[PDB]
């Protein structure tokens, strides 16, 4: 039904269409990317600084750190939205690494439509301190995008890119894409 063909447009980058959306994967430092939204994978307190969350909070800066802890105290949040600080994005969406990854990605997609955003960059959510298994994480991320497309919800969102710190986790995402391709 929805899946196009897997190819490599640039060195180390792999992509396929899912309906109208270009889905891409690559290995690297997510804090060097430009996108409307960058996703952080963090703790239920939104103040973790290990792995991806270390890089994101250090580069984003202290105002973003402060924003996170202020929203954390205000209410019980499944995720929070902050400014981009000194990252190259309009907003950071901080999701809980231990939560259901499909649900987290669905929420990111819906929040990006609400802002008329076109591009998203996320890590392999949950594979860091939360210690979720890489193939379950890959299956969940791609399933969330498929569901969003199937329901006719894609309008402003055009590009979803996963930038993955460990090259061995990239392998797992590529194999999952190949399983689905048309």
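Positions refer to the first chain, counted from 1.
- Stretches compared: 28-36, 59-67. Higher mean C-alpha B-factor in the entry: 59-67.
- For the pair 124-132 and 111-119, the record assigns the higher mean C-alpha temperature factor to 124-132.
- For residue 72, the recorded CA temperature factor ranks within the highest third of the chain's modelled residues.
- Looking at the C-alpha B-factors along this chain, the one for residue 41 belongs to the lowest third.
- In this PDB entry, the Cα temperature factor of residue 160 sits in the bottom third of its chain's modelled residues, the lowest group.
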